[PDB]
Amino acid sequence: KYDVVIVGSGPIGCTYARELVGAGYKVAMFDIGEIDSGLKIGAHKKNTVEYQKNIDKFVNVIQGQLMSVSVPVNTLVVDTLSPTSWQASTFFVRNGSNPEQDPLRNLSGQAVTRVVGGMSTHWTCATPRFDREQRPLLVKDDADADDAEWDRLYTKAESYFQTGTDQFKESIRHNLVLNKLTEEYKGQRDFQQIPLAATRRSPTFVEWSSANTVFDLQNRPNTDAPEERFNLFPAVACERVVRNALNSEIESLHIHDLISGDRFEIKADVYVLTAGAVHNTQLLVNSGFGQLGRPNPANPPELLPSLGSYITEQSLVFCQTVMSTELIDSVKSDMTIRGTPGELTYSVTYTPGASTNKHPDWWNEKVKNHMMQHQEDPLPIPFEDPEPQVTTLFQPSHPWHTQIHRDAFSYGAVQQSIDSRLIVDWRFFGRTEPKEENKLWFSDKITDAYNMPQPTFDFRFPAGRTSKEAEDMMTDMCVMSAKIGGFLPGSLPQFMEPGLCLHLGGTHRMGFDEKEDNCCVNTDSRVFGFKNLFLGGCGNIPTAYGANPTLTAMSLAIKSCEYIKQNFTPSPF
Amino acid sequence: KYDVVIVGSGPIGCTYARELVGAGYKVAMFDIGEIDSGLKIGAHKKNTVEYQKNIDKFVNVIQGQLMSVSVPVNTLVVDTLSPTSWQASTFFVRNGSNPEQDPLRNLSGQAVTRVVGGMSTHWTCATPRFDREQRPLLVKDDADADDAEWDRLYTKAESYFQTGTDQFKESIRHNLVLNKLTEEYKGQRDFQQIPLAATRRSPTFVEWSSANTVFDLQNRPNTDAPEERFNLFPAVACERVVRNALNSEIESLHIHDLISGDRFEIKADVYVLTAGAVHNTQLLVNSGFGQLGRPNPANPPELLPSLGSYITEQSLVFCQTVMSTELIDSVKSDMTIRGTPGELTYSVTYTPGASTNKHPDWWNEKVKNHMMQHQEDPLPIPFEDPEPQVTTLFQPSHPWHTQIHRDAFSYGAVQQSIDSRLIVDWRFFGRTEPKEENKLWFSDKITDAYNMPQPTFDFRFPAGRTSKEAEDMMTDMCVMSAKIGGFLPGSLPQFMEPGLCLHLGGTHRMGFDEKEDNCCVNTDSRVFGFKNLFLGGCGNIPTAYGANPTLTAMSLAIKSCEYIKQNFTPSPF
Amino acid sequence: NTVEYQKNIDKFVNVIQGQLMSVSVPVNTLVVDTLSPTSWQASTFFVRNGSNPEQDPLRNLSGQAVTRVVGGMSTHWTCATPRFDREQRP
Amino acid sequence: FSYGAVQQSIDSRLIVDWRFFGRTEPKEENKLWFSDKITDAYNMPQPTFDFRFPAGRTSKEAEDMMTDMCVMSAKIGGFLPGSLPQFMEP
Ligand SMILES: *Cc1cc2c(cc1C)Nc1c([nH]c(=O)[nH]c1=O)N2C[C@H](O)[C@H](O)[C@H](O)COP(=O)(O)OP(=O)(O)OC[C@H]1O[C@@H](n2cnc3c(N)ncnc32)[C@H](O)[C@@H]1O
Ligand SMILES: *Cc1cc2c(cc1C)Nc1c([nH]c(=O)[nH]c1=O)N2C[C@H](O)[C@H](O)[C@H](O)COP(=O)(O)OP(=O)(O)OC[C@H]1O[C@@H](n2cnc3c(N)ncnc32)[C@H](O)[C@@H]1O
Ligand SMILES: OC[C@H]1O[C@@H](O)[C@H](O)[C@@H](F)[C@@H]1O
Ligand SMILES: OC[C@H]1O[C@@H](O)[C@H](O)[C@@H](F)[C@@H]1O
């Protein structure tokens, strides 16, 4: 018997943990995955010395914990088998594929991650605010009070994630790029560092934030927290919430302990679901919310008819560029060079303080030292120079989010022929209109690896503004990127597979009125009709957004938690 | 001040830990890597529910922690850059490549793993004994006493690893294959399960063994062990052992704490190095054993002239096959089938106990149930059937080790068009004659990611018996594999890149006499001349072997540890 | 039999490929899901580009091809001309 | 007729091709037929195959053939990477 139970240990779950453990509640949290981030439970897997010294390898850790949501049945022809080998007569259901899934109306890139800390054990840590145009309303008919509420919430989210905008300020590459783009767009667009949930520990090490940063996930009571109560149970699949006959309250949570194989029930006062945009919906549909099976509009759902409808996922465009000869030469423009590399007459100098210098002294010293210490290297950038982390945030005249950076998730055979110091990544994310016909649904016959109803998408990028925007977005990346360098062969401009970006929203969407706004939770993230059930995460977001959604989702959880502290009393100690 | 210090936390290091912590010694162990296997320190990363339910993804975790040893300078021509992009005039030293390395005399597949538990946090767990022909002598001129010593040591190694040969006995696929190969080679070759360091917990879960299984790596004293003393220090790069002027004793170990960045010295009575075949040699060469820089036979080394010479790595050949129509039909040969799948008249039956049945009742029940429950599936093998784990061990008439199995390390884009139940992997490993000219050496100018001397190989498979064997090995795989099925397109018979198999040996080799046997350690694994320095691991193995070397290496550590308990007194408590 | 092809014999593969027209190409079912949202996108794997909807892809001779030029296939062939022994011969 | 991206890294003087051709039992069920609805480029009835290598001797032979090429070829050299032993498309 707990005061609160939380399903999932990602950063939205940990947000509830932090708020409620902190306010004196007896909390239990379950995760279907296991502890595997070392002694800091749920921490970023990229915070090892070895991965910050071999950062290209980290793509392998990401790929290792992205399990695809719905893989259609495979119809590739293999006709060079030996005549003796067993050969198919048909393309029958093979290797865990989903026969419900139409391959042509899928989010084939969508994937889930099942480990303690969720996806925040691998993510890129970008945490921008949404402006009004991308954000759901929290106050009706009062634009300025809506702004102040969002500002209050986001400011708190940013402290929980340790969001900052200056961790890369001493990078030559970062500033090379930033300054050129500010110059080029002078006035018309503003560039800044990507706000990043991260703290720099040294010039070659960044402590990336995660679920652990929000809440350390250590069981309580303990010496550091002797009057808090928290227990995390890993390797427990949560399968169903039990409704009372009134559909006004949840009475238990049904679970499957994966180690013993036993099934149990858990009672609490408050039930919170933060299993992710896909798995929140799966658990609700298994519990008799929404509708199970292929959509059938001839059978109105009894509860939450909007559940699994109006889903959104962003369009993503990508390339890499190789830095221009112009930009590279500009790095060393305050240097006087005499002699020729490798003689002992060779001299690279600058005047410290010189009003005519284009760069600050610190920049010139790095360049001087690199050039003198490494006289066989043909580039003026130091080898340990941190990577760029540049953005122009979404605006009405350019309604996409942009990252001009170095992401650990490479999409191709990472290449070796071009010096890494020259390479810049470009990712532009578009916003997607919510439409009722775009759906995530669950099979009433096919089941997944955990014997739960198999997830199935029915999705196309909407015609009209979504599609026009996505193609204007592609053109913008082409135009903007040419300012910095030409494309890197094998990383040419392209749309990524649908759902690869993992920003899926609106699967359990938020609004003021269940009917009128076609929604599932209210602005306290409470499920309509039910006193003690709440949903957290990106699934709540009802709007068309291009920016990275997690900080937003956290803000909404903070507000949800105020509702809980004002409406439920913690058990005595 | 410790009684014993151990460099590295892989399973050979943990062998010393187990023996010496157990015998009452005050032990400290350092690793340059960090704890990241969840709450069981140094355990197999494949022991999560999620990875045993998505086993194809585990290749990504392996690739994520294999960092290449020596990558030659890249000379690929990229001539489709934009004219504006910075373009090279030469193939200069880029992206951490090693200019000392000849690309044509490399072990390009060789890689190291830096995490607590070492490579045993990802390995395949195959642990066969070497027969006489592959094994170094531990007793001179007495074949039968040599056998009994090896038998005593191996039996102890097998308990520490929990080696077994029946964990797969209930697999239809495993037995399908095993029985056909026994029949086909009747008499001339014997097949058995690959001995595996592993314990089955259920029909769909195997608890794979690791460094953790040898020694749990928990600091001591603790409640379970109140009179033992052990401390593990992760993220500490060990750089040098300090010799006394007599070169008869080590006086300290110099270390670099990677978190603070500070450098310290550690004193102990006994020094043990188990940093792996490559990193043991690197640490010794940094300490003035052997010779630093490109080999120069005009400057005889002062200590251990054989260090880094006579290295061996095995040749590896690979394919996959698709199971024959014949073999698949044989799975269901005791079944009477009436009706046609999917009608309600459909019936699949057998007689339990029938003397005329080719299979045991348990086999027939699985097949019956699968066929009746899954009437849309065209194969008689159940979906959760465990994978084959078959071997014919090395013999003089077939001097290669063989694995006929399913390995988590796939080498190609894992494919989806052919049902996984039909696929069998074939890996044949050859033995390599030790030659003085085959070397691992360290640069006196280039340094690696940890500012240590850059490793550089000079290696070719020896002409003569090694090469003839490797090509007869390839032919054997071709011949033997056809008995089970034809090759899977995209997995055709091939030699793998040199060193991919990660069985490198002889970099610090064992013998009776330093001069006479061209060696570095004696049969107690003690370094010649030095009272208190020992080396563990595959680097000790002086012979040409085809079988997986780790169990052997453990056996040698067990013997080393007897020497220590008989020659050094633990500090009082 | 040109001087230029006997001096650059690797290029002759291109002349062979240039006159082998496939006999029966089943309907294509490859998924292309990285089209721009603005581009025309199929709802089904309909009959495209001269493919044959009668053809089962799994019971084909997909490599079979014909050559339509004066001299037929003997304008590109390898010229191997062995006798059949009794066991192969009508 | 090379089947792959002709390669340049290994001297052509070292390279030898191996092609082993098997015999196929005639079976009534293996057919070439023509569509009464689909037509080809010359408005003639579209050719359509219904073919599998026969079970029994044909298939056993084809796999013993593959093994023979493997065994025989090793006498001359090892396989060239990117030209490894394979069945060609039917
Ligand atoms: C993978 C990835 C993800 C993101 C980025 C890049 C990469 C490669 N980058 C990124 C993202 N978001 C941003 O805003 N900024 C960035 O730069 N990524 C997305 C981000 O990582 C997610 O939006 C965020 O985690 C969502 O948090 P959450 O709502 O707490 O959900 P999680 O998926 O992280 O964790 C949920 C959780 O629940 C479990 N689970 C699932 N089913 C169950 C059941 N049935 N019972 C119990 N537990 C369950 C999981 O195992 C998991 O831990
Ligand atoms: C990666 C891999 C390895 C093996 C198999 C498959 C795969 C994909 N399969 C396998 C193997 N061996 C077998 O006999 N059977 C199998 O089926 N693999 C090899 C096996 O995994 C190794 O032979 C074994 O670990 C060797 O053990 P070890 O001698 O204890 O060495 P490790 O590499 O495991 O650990 C050494 C260790 O030392 C560290 N390190 C390195 N440098 C330093 C310095 N300078 N200071 C401190 N520590 C250092 C590492 O970080 C590491 O933990
Ligand atoms: O695909 C990688 C991208 O994935 C997204 O999930 C992130 O929000 C981006 F920051 C990131 O670059
Ligand atoms: O490359 C994978 C192989 O690596 C080797 O290190 C192992 O000993 C084999 F068992 C394994 O199949």
Side-chain angles (χ1 to χ4, degrees), chain A residues 7-15 30-33 50 62 65-66 111-120 122-127 197 211 236-239 255 274-277 279-280 282-283 407-409 450 452 501-503 536-539 548-551 553, chain B residues 7-15 30-33 62 65-66 111-120 122-127 194 197 211 236-239 255 274-277 279-280 282-283 316 318 403 405 407-409 411 425 427 429 450 452 496 500-503 536-539 548-551 553:
Chain A
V7 174
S9 70
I12 304 306
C14 291
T15 298
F30 303 85
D31 204 292
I32 196 177
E50 175 78 340
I62 297 170
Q65 55 183 43
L66 285 182
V112 295
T113 295
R114 301 178 189 86
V115 295
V116 163
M119 295 198 169
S120 80
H122 77 237
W123 69 323
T124 284
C125 304
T127 62
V236 181
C238 309
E239 310 187 295
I255 58 169
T274 45
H279 292 304
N280 275 350
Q282 182 193 55
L283 191 179
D407 191 283
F409 200 178
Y450 292 90
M452 291 280 282
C501 47
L502 308 170
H503 291 168
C538 297
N548 324 62
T550 309
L551 190 68
Chain B
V7 174
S9 70
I12 304 306
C14 291
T15 298
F30 303 85
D31 204 292
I32 196 177
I62 297 170
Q65 55 183 43
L66 285 182
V112 295
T113 295
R114 301 178 189 86
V115 295
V116 163
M119 295 198 169
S120 80
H122 77 237
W123 69 323
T124 284
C125 304
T127 62
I194 300 155
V236 181
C238 309
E239 310 187 295
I255 58 169
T274 45
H279 292 304
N280 275 350
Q282 182 193 55
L283 191 179
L316 166 69
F318 171 83
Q403 303 189 157
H405 66 325
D407 191 283
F409 200 178
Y411 304 139
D425 297 4
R427 285 171 174 90
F429 310 75
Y450 292 90
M452 291 280 282
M496 300 312 292
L500 201 55
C501 47
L502 308 170
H503 291 168
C538 297
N548 324 62
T550 309
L551 190 68

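As the structure lists them, so they are numbered: ligands from 1, and atoms in each ligand from 1. Order of the sequence lines sets the chain letters (A, B, ...), proteins ahead of strands, with each chain counted from 1.
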Distance-minimising heavy-atom pair for [X] and [Y]:
| X | Y | result |
| --- | --- | --- |
| A:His122 | A:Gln65 | ND1-NE2, 3.0 Å |
| A:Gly117 | A:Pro11 | O-CD, 3.9 Å |
| B:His405 | B:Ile194 | CB-CD1, 3.8 Å |
| A:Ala211 | A:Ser9 | CB-O, 3.6 Å |
| A:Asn280 | A:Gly536 | ND2-O, 3.0 Å |
| B:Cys501 | B:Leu316 | CB-CD2, 3.9 Å |

Query raised in the report: Looking at B:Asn548, which atoms of ligand 4 are within less than 4.0 Å of one of its heavy atoms?
Result: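 Counting from 1, the qualifying ligand atoms are 7 (C), 8 (O), 9 (C), 10 (F).
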Report task. Would you mind listing which atoms of ligand 4 come within a distance below 4.0 Å of any non-hydrogen atom of B:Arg427? Result ->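 Ligand 4 atoms under the 4.0 Å threshold to B:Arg427: 2 (C), 12 (O).
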Query raised in the report: So which bit of B:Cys125 gets within less than 4.0 Å of ligand 2, heavy atoms only: side chain, backbone, both or neither?
Result: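 It is the backbone that gets close, since no side chain atom is under 4.0 Å.
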Requested in this report: With heavy atoms only and a cut-off of under 4.0 Å, state how B:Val236 meets ligand 2: side chain, backbone, both or neither.
Outcome: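 For B:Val236, only backbone atoms sit under 4.0 Å from ligand 2.
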Query raised in the report: Going by distance only, is there an N or O of A:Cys238 that falls short of 3.5 Å from an N or O of ligand 1?
Result: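 Right, the criterion is met.
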Report task. Could you tell me whether some N/O pair between A:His279 and ligand 1 is separated by less than 3.5 angstrom? Result ->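 The answer is no, given that A:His279 and ligand 1 share no N or O pair closer than 3.5 Å.
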Tell me: protein heavy atom nearest [atom], and distance?
| atom | result |
| --- | --- |
| atom 7 (C) of ligand 4 | B:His503 NE2, 3.5 Å |
| atom 32 (P) of ligand 2 | B:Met119 N, 4.0 Å |
| atom 11 (C) of ligand 4 | B:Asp407 OD2, 3.0 Å |
| atom 30 (O) of ligand 2 | B:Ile12 N, 2.9 Å |
| atom 31 (O) of ligand 2 | B:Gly276 CA, 4.0 Å |
| atom 9 (N) of ligand 1 | A:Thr124 N, 3.2 Å |
| atom 1 (O) of ligand 4 | B:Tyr411 OH, 2.5 Å |
| atom 5 (C) of ligand 4 | B:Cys501 O, 3.3 Å |
| atom 10 (F) of ligand 4 | B:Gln403 NE2, 2.9 Å |
| atom 38 (O) of ligand 2 | B:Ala275 CA, 3.3 Å |
| atom 18 (N) of ligand 2 | B:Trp123 CB, 4.0 Å |
| atom 20 (C) of ligand 2 | B:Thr550 OG1, 3.4 Å |
| atom 48 (N) of ligand 2 | B:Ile32 N, 3.3 Å |
| atom 35 (O) of ligand 2 | B:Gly10 CA, 3.6 Å |

At a 4.0 Å threshold, what atoms of ligand 2 neighbour a non-hydrogen atom of [X]?
| X | answer |
| --- | --- |
| B:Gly8 | 38 (O) |
| B:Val7 | 46 (N), 47 (C) |
| B:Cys538 | 23 (O) |

**Report entry** Polar side-chain atom of B:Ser120 near backbone of B:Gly10 as donor-acceptor pair, under 3.5 Å
**Finding:**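 Checking the backbone N and O of B:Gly10 against the side chain of B:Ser120, no donor-acceptor pair under 3.5 Å is found.
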To the closest 0.5 Å, what do you measure between [atom1] ([X]) and [atom2] ([Y])?
| X | Y | atom1 | atom2 | answer |
| --- | --- | --- | --- | --- |
| A:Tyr450 | A:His279 | OH | NE2 | 9.0 Å |
| B:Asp31 | B:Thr274 | CG | OG1 | 8.5 Å |
| B:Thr124 | B:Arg427 | OG1 | CZ | 7.0 Å |
| A:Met119 | A:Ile12 | CE | CD1 | 12.0 Å |
| B:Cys125 | B:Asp407 | SG | CG | 10.0 Å |
| A:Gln282 | A:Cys238 | CD | SG | 11.5 Å |

Query - B:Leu283 touching ligand 2 at heavy-atom level, < 4.0 angstrom - result: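 The answer is no: ligand 2 sits nowhere under 4.0 Å from a heavy atom of B:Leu283.
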Query raised in the report: Of all the heavy atoms in B:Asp31, does at least one lie under 4.0 Å from an atom in ligand 2?
Result: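 Yes, B:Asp31 has heavy atoms under 4.0 Å from ligand 2.
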Atoms of ligand 1 close to [X] [distance to a heavy atom under 4.0 angstrom, numbered from 1]:
| X | result |
| --- | --- |
| A:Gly118 | 34 (O), 35 (O), 52 (C), 53 (O) |
| A:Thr113 | 50 (C), 51 (O), 52 (C) |
| A:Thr274 | 36 (C), 37 (C), 38 (O) |
| A:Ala126 | 13 (C), 14 (O), 15 (N), 16 (C), 17 (O) |

Query raised in the report: For A:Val116, is the nearest heavy atom under 4.0 Å from an atom of ligand 1?
Result: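 The answer is no, since A:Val116 has no heavy atom less than 4.0 Å from ligand 1.
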**Report entry** ligand 1 contact by A:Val115, heavy-atom criterion under 4.0 angstrom
**Finding:**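 Yes, A:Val115 has heavy atoms under 4.0 Å from ligand 1.
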Query raised in the report: Does the side-chain contact (heavy atoms from CB on, under 4.5 Å) test come out yes or no for B:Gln403 and B:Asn548, once each step is laid out?
Result: CA-CA 10 Å; B:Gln403 303 189 157; B:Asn548 324 62; 3.0 Å; yes
Query raised in the report: At a 4.0 Å cut-off, with the gap strictly under it, does some heavy atom of B:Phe429 reach an atom of ligand 4?
Result: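 Judged by the 4.0 Å heavy-atom criterion, B:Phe429 does count as contacting ligand 4.
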Report task. From the options B:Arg114, B:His503, A:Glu50, B:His122, select the one whose nearest heavy atom is closest to atom 3 (C) of ligand 2. Result ->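 Minimum heavy-atom distance to atom 3 (C) of ligand 2 goes to B:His122.
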Report task. Show your reasoning for whether side-chain contact (heavy atoms from CB on, under 4.5 Å) applies to B:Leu66 and B:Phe409. Result -> CA-CA 11 Å; B:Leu66 285 182; B:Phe409 200 178; 4.0 Å; yes
Query raised in the report: Purely on distance, is any nitrogen or oxygen of B:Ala126 under 3.5 Å from one on ligand 4?
Result: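 Checking ligand 4 against B:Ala126, no N or O pair falls under 3.5 Å apart.
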Query raised in the report: Which one holds for B:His405 and ligand 4: side chain close, backbone close, both close, or neither close, with close meaning a heavy atom under 4.0 Å?
Result: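 Side chain only; the backbone of B:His405 stays clear of ligand 4.
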Report task. Determine whether the side chain, the backbone, both or neither of B:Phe318 has a heavy atom under 4.0 Å from any heavy atom of ligand 4. Result ->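 Neither part.
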